Number of protein chains: 2
Amino acid sequence: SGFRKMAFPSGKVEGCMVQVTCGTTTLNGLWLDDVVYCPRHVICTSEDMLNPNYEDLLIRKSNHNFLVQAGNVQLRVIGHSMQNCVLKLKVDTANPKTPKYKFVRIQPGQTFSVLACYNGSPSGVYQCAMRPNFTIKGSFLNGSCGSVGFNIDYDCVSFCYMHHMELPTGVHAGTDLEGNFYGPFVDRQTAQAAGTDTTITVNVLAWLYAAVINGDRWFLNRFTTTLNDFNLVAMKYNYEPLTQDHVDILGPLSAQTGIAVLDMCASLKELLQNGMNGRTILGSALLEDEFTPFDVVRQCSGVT
Amino acid sequence: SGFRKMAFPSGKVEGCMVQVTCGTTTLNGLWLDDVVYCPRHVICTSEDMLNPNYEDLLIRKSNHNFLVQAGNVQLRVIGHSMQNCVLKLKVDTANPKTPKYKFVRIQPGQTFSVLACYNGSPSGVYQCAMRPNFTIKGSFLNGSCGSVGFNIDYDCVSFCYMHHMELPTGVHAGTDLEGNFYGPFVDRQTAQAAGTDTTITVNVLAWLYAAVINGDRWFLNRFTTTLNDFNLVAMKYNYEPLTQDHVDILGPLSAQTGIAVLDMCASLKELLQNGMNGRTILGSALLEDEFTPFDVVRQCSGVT
């Protein structure tokens, strides 16, 4: 029993982290096969970041200006190219620790593990969600850029995120591993405000199912609702609309607990309208939305 | 910026996890040098667990009855001994991935990372604290026994916990790596009730300092207090007493923020007496107590 905010084991990703230095900027790179992926803003001074022209800045850079260090050993850069907002540094050595991997672009509400790195060295691992406004709420200090987000399916690492930016509001923005930002953000130090950080309704419902499985049941009530009725209340509380697709995804948790998805929606509706009244659910005073239905099934079944 | 519940990178520990089978019981082992450490209840049927005599049960066990598998390769057991509540299986091969390590016995309030494992295979990593009642609130299903808790200091893994037991209340009990239970618990399926789960005051204070560093300041007030006055309120709210030792440990966070420890105690006192009034601190509606002062400094400075 028990239900924890749980990250994927980080070993396979730790084996991929390198240090990338260009001039006075040091950040992290991801070494897969004979390519090191890093934020293209490695080429920028903090002055450059105010209004960078990346193509023009890159003209002044050669392979030998990109210093790539894997532990205490230097990698030889034999080529470089810009793909969207990432640099791809071709090196002369294939990473011997390259895991099976994919690059995936996740949707808002999807969770992933972040391995926070400084100077190519892992400091910690935590679980995140892609927010409905395409930010993440991470823990990233100067030097953490190029830290990556990932899911693991048995032995295949799916890389979904690379850290680039902190907004003036202290929330985080980055790219997939093809260098495309999540949401409308750009790698420029400018007025970038996030939209509404809505709650990921399907994730809250999953986590209420996790609570029932684990013996926290006080919030179950005698009511049901409809998707349309629930969605009026969701809208009022800045929750994401619930779709039949979400109801379908929750079906296995519904089956296991014998609680119809719409009954659990009616419990959530009362919690929104009534509050927690100083009670907790799985040790939380607010409704947790950074567990997907897949996460709840995985953790409640002990997948490795 | 940002502050996350962060586990140590798990790679060094992943390299140590093995499967241990005795008869029909499979659980996890920790392979360091040529010794595999596992809960001695690997020798028990669920029937045995009601009233086990471990010495008597062990007489019927030989080296060849302990099946140790590291990935898909079998290890040869050349000896076995019982130390307190753990078995030490001597194997003929030193773990080639053995990290620098220590065995430490932590105090209540100390945090650590758990690598949850099933069948010798890591499923996830999360952060825990040793509760003041010597339980932990983990996420452990059948098969998770022998999963370990650890801290890392640069490249040295300090192992502090091995998972043994779930109490009927769904909280967790285990041993240090010398096989001594934390608290009064035993490896027997019997009435074992935990004492009061008090809040780790020094950890809450650390986390309020983390909040200030990260821009969450609404709870700072115009008041101060004394240790004796604060401690009357702590006692009323089932918080651990604060000692001058705790004040000393918080000194660096006091220095960095310019908030005297006793001023932060006065903020905590008002939060206890007034509640959160539906507000959050670092995304939490309750006061977090699973960050040590060392954890806050580490995460706020980006140690690797």
# chains A, B, ... in the order shown; residues from 1 in each chain; ligands from 1
$ closest_atom_pairs --of "chain B" --to "chain A" --cutoff "7 Å" --atoms "only C-alpha atoms" --output "Markdown table"
| residue | atom | partner | partner_atom | distance |
| --- | --- | --- | --- | --- |
| B:1 | CA | A:140 | CA | 5.6 |
| B:2 | CA | A:139 | CA | 4.3 |
| B:3 | CA | A:139 | CA | 5.1 |
| B:4 | CA | A:139 | CA | 5.7 |
| B:5 | CA | A:126 | CA | 6.5 |
| B:6 | CA | A:126 | CA | 4.9 |
| B:7 | CA | A:125 | CA | 5.2 |
| B:8 | CA | A:124 | CA | 4.8 |
| B:9 | CA | A:124 | CA | 5.2 |
| B:10 | CA | A:10 | CA | 5.6 |
| B:11 | CA | A:11 | CA | 3.6 |
| B:14 | CA | A:11 | CA | 6.9 |
| B:118 | CA | A:304 | CA | 6.9 |
| B:121 | CA | A:304 | CA | 5.8 |
| B:122 | CA | A:304 | CA | 5.8 |
| B:123 | CA | A:304 | CA | 4.3 |
| B:124 | CA | A:8 | CA | 4.8 |
| B:125 | CA | A:7 | CA | 5.2 |
| B:126 | CA | A:6 | CA | 4.9 |
| B:137 | CA | A:2 | CA | 6.8 |
| B:138 | CA | A:2 | CA | 5.7 |
| B:139 | CA | A:2 | CA | 4.3 |
| B:140 | CA | A:1 | CA | 5.6 |
| B:141 | CA | A:1 | CA | 5.7 |
| B:170 | CA | A:1 | CA | 5.8 |
| B:285 | CA | A:285 | CA | 5.2 |
| B:286 | CA | A:285 | CA | 5.9 |
| B:302 | CA | A:123 | CA | 6.7 |
| B:303 | CA | A:123 | CA | 6.0 |
| B:304 | CA | A:123 | CA | 4.3 |
$ select_by_dssp --residues "segment 123-272 of chain B" --states "helix (DSSP H, G or I)" --output "mmCIF file with N, CA and C atoms, in the first residue's frame"
data_model
loop_
_atom_site.group_PDB
_atom_site.id
_atom_site.type_symbol
_atom_site.label_atom_id
_atom_site.label_comp_id
_atom_site.auth_asym_id
_atom_site.auth_seq_id
_atom_site.Cartn_x
_atom_site.Cartn_y
_atom_site.Cartn_z
ATOM 1 N N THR B 201 9.255 19.541 12.926
ATOM 2 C CA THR B 201 9.306 21.019 12.991
ATOM 3 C C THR B 201 10.513 21.604 12.245
ATOM 4 N N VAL B 202 11.727 21.133 12.504
ATOM 5 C CA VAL B 202 12.945 21.730 11.877
ATOM 6 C C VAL B 202 12.828 21.618 10.352
ATOM 7 N N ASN B 203 12.217 20.542 9.850
ATOM 8 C CA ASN B 203 12.031 20.350 8.388
ATOM 9 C C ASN B 203 11.006 21.358 7.854
ATOM 10 N N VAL B 204 9.928 21.582 8.568
ATOM 11 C CA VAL B 204 8.921 22.577 8.135
ATOM 12 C C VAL B 204 9.629 23.930 8.016
ATOM 13 N N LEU B 205 10.428 24.285 9.014
ATOM 14 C CA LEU B 205 11.117 25.598 9.048
ATOM 15 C C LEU B 205 12.043 25.691 7.839
ATOM 16 N N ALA B 206 12.829 24.654 7.575
ATOM 17 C CA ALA B 206 13.697 24.607 6.386
ATOM 18 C C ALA B 206 12.856 24.916 5.146
ATOM 19 N N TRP B 207 11.716 24.254 5.010
ATOM 20 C CA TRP B 207 10.888 24.367 3.795
ATOM 21 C C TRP B 207 10.281 25.778 3.694
ATOM 22 N N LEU B 208 9.938 26.415 4.824
ATOM 23 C CA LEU B 208 9.491 27.830 4.802
ATOM 24 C C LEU B 208 10.636 28.734 4.311
ATOM 25 N N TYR B 209 11.868 28.463 4.719
ATOM 26 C CA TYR B 209 13.061 29.153 4.170
ATOM 27 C C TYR B 209 13.167 28.920 2.661
ATOM 28 N N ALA B 210 12.979 27.684 2.188
ATOM 29 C CA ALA B 210 12.971 27.355 0.744
ATOM 30 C C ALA B 210 11.925 28.202 0.027
ATOM 31 N N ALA B 211 10.774 28.412 0.650
ATOM 32 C CA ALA B 211 9.651 29.144 0.052
ATOM 33 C C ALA B 211 10.069 30.610 -0.103
ATOM 34 N N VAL B 212 10.604 31.182 0.957
ATOM 35 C CA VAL B 212 11.106 32.584 0.905
ATOM 36 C C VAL B 212 12.131 32.719 -0.219
ATOM 37 N N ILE B 213 13.144 31.855 -0.277
ATOM 38 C CA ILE B 213 14.217 31.889 -1.314
ATOM 39 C C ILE B 213 13.553 31.890 -2.688
ATOM 40 N N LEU B 227 12.010 30.029 21.917
ATOM 41 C CA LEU B 227 11.913 28.556 21.796
ATOM 42 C C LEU B 227 10.836 28.016 22.740
ATOM 43 N N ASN B 228 10.789 28.486 23.991
ATOM 44 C CA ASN B 228 9.822 27.958 24.982
ATOM 45 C C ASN B 228 8.396 28.285 24.512
ATOM 46 N N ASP B 229 8.157 29.495 24.036
ATOM 47 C CA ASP B 229 6.797 29.905 23.621
ATOM 48 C C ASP B 229 6.388 29.091 22.391
ATOM 49 N N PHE B 230 7.285 29.018 21.420
ATOM 50 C CA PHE B 230 7.030 28.263 20.178
ATOM 51 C C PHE B 230 6.680 26.809 20.541
ATOM 52 N N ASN B 231 7.472 26.204 21.420
ATOM 53 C CA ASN B 231 7.368 24.791 21.844
ATOM 54 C C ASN B 231 6.028 24.502 22.535
ATOM 55 N N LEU B 232 5.442 25.434 23.274
ATOM 56 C CA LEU B 232 4.070 25.267 23.814
ATOM 57 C C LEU B 232 3.080 25.060 22.667
ATOM 58 N N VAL B 233 3.172 25.903 21.632
ATOM 59 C CA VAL B 233 2.310 25.796 20.421
ATOM 60 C C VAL B 233 2.634 24.500 19.658
ATOM 61 N N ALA B 234 3.905 24.180 19.410
ATOM 62 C CA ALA B 234 4.314 22.898 18.774
ATOM 63 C C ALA B 234 3.637 21.709 19.471
ATOM 64 N N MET B 235 3.805 21.585 20.780
ATOM 65 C CA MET B 235 3.198 20.503 21.584
ATOM 66 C C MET B 235 1.693 20.450 21.279
ATOM 67 N N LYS B 236 0.994 21.587 21.284
ATOM 68 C CA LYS B 236 -0.473 21.617 21.084
ATOM 69 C C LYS B 236 -0.796 21.045 19.702
ATOM 70 N N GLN B 244 17.849 24.065 20.491
ATOM 71 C CA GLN B 244 18.897 25.007 20.032
ATOM 72 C C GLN B 244 19.703 24.318 18.927
ATOM 73 N N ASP B 245 19.870 22.990 18.992
ATOM 74 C CA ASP B 245 20.601 22.264 17.913
ATOM 75 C C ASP B 245 19.906 22.536 16.574
ATOM 76 N N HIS B 246 18.570 22.493 16.537
ATOM 77 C CA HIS B 246 17.783 22.756 15.300
ATOM 78 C C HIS B 246 18.015 24.202 14.839
ATOM 79 N N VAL B 247 17.957 25.165 15.761
ATOM 80 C CA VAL B 247 18.202 26.611 15.470
ATOM 81 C C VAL B 247 19.588 26.718 14.829
ATOM 82 N N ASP B 248 20.573 26.029 15.379
ATOM 83 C CA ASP B 248 21.960 26.099 14.839
ATOM 84 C C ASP B 248 21.984 25.565 13.410
ATOM 85 N N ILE B 249 21.291 24.453 13.157
ATOM 86 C CA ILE B 249 21.286 23.780 11.832
ATOM 87 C C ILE B 249 20.643 24.705 10.801
ATOM 88 N N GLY B 251 20.873 27.941 10.783
ATOM 89 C CA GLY B 251 21.628 29.212 10.743
ATOM 90 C C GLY B 251 21.954 29.637 9.316
ATOM 91 N N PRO B 252 22.535 28.762 8.465
ATOM 92 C CA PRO B 252 22.837 29.160 7.095
ATOM 93 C C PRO B 252 21.628 29.679 6.301
ATOM 94 N N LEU B 253 20.456 29.045 6.429
ATOM 95 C CA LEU B 253 19.238 29.530 5.742
ATOM 96 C C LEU B 253 18.801 30.881 6.322
ATOM 97 N N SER B 254 18.932 31.070 7.636
ATOM 98 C CA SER B 254 18.675 32.350 8.331
ATOM 99 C C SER B 254 19.551 33.454 7.715
ATOM 100 N N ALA B 255 20.831 33.150 7.566
ATOM 101 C CA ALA B 255 21.865 34.079 7.048
ATOM 102 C C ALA B 255 21.487 34.512 5.637
ATOM 103 N N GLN B 256 21.194 33.539 4.778
ATOM 104 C CA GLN B 256 20.950 33.738 3.330
ATOM 105 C C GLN B 256 19.712 34.618 3.167
ATOM 106 N N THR B 257 18.672 34.393 3.971
ATOM 107 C CA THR B 257 17.373 35.084 3.807
ATOM 108 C C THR B 257 17.329 36.330 4.685
ATOM 109 N N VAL B 261 15.780 32.762 12.859
ATOM 110 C CA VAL B 261 15.067 31.459 13.001
ATOM 111 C C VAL B 261 13.812 31.679 13.857
ATOM 112 N N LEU B 262 13.916 32.469 14.933
ATOM 113 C CA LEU B 262 12.761 32.674 15.863
ATOM 114 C C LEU B 262 11.645 33.497 15.196
ATOM 115 N N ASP B 263 11.988 34.366 14.244
ATOM 116 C CA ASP B 263 10.976 35.090 13.439
ATOM 117 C C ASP B 263 10.262 34.054 12.573
ATOM 118 N N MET B 264 10.995 33.138 11.939
ATOM 119 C CA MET B 264 10.344 32.120 11.082
ATOM 120 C C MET B 264 9.484 31.223 11.973
ATOM 121 N N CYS B 265 9.910 30.913 13.194
ATOM 122 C CA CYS B 265 9.072 30.145 14.167
ATOM 123 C C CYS B 265 7.749 30.883 14.429
ATOM 124 N N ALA B 266 7.801 32.208 14.551
ATOM 125 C CA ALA B 266 6.602 33.037 14.791
ATOM 126 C C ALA B 266 5.681 32.997 13.574
ATOM 127 N N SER B 267 6.218 32.920 12.356
ATOM 128 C CA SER B 267 5.401 32.749 11.130
ATOM 129 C C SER B 267 4.726 31.376 11.166
ATOM 130 N N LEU B 268 5.495 30.353 11.503
ATOM 131 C CA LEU B 268 4.963 28.972 11.599
ATOM 132 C C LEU B 268 3.864 28.928 12.678
ATOM 133 N N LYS B 269 4.097 29.546 13.827
ATOM 134 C CA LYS B 269 3.099 29.621 14.920
ATOM 135 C C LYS B 269 1.790 30.191 14.386
ATOM 136 N N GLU B 270 1.828 31.302 13.638
ATOM 137 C CA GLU B 270 0.590 31.909 13.092
ATOM 138 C C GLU B 270 -0.060 30.960 12.079
ATOM 139 N N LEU B 271 0.724 30.269 11.254
ATOM 140 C CA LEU B 271 0.147 29.334 10.258
ATOM 141 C C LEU B 271 -0.572 28.201 10.987
ATOM 142 N N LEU B 272 -0.014 27.724 12.094
ATOM 143 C CA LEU B 272 -0.628 26.627 12.875
ATOM 144 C C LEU B 272 -1.956 27.119 13.446
#
$ select_by_dssp --residues "segment 51-291 of chain B" --states "strand (DSSP E or B)" --output "PyMOL selection string"
chain B and resi 66-70+73-75+77-83+86-91+100-103+111-118+121-129+136+148-153+156-166+172-175+181+199+239+281+284
$ residues_around --residues "residue 104 of chain B" --least-positions-apart "3" --cutoff "12 Å" --atoms "only C-alpha atoms" --output "PyMOL selection string"
chain B and resi 101+107+110+112+149-152+156-162+175-180+182
$ residues_around --residues "residue 45 of chain B" --least-positions-apart "2" --cutoff "10 Å" --atoms "only C-alpha atoms" --output "ChimeraX atom specification"
/B:22-25,41-43,47-50,52
$ atom_distance --atom1 "atom CA of residue 108 of chain B" --atom2 "atom CA of residue 145 of chain B"
21.0 Å
$ closest_residue --among "A:21, A:84, A:133, A:98" --to "residue 64 of chain A" --atoms "only C-alpha atoms"
A:21
$ atom_distance --atom1 "atom CA of residue 99 of chain B" --atom2 "atom CA of residue 135 of chain B"
27.3 Å
$ atom_distance --atom1 "atom CA of residue 31 of chain B" --atom2 "atom CA of residue 68 of chain B"
9.7 Å
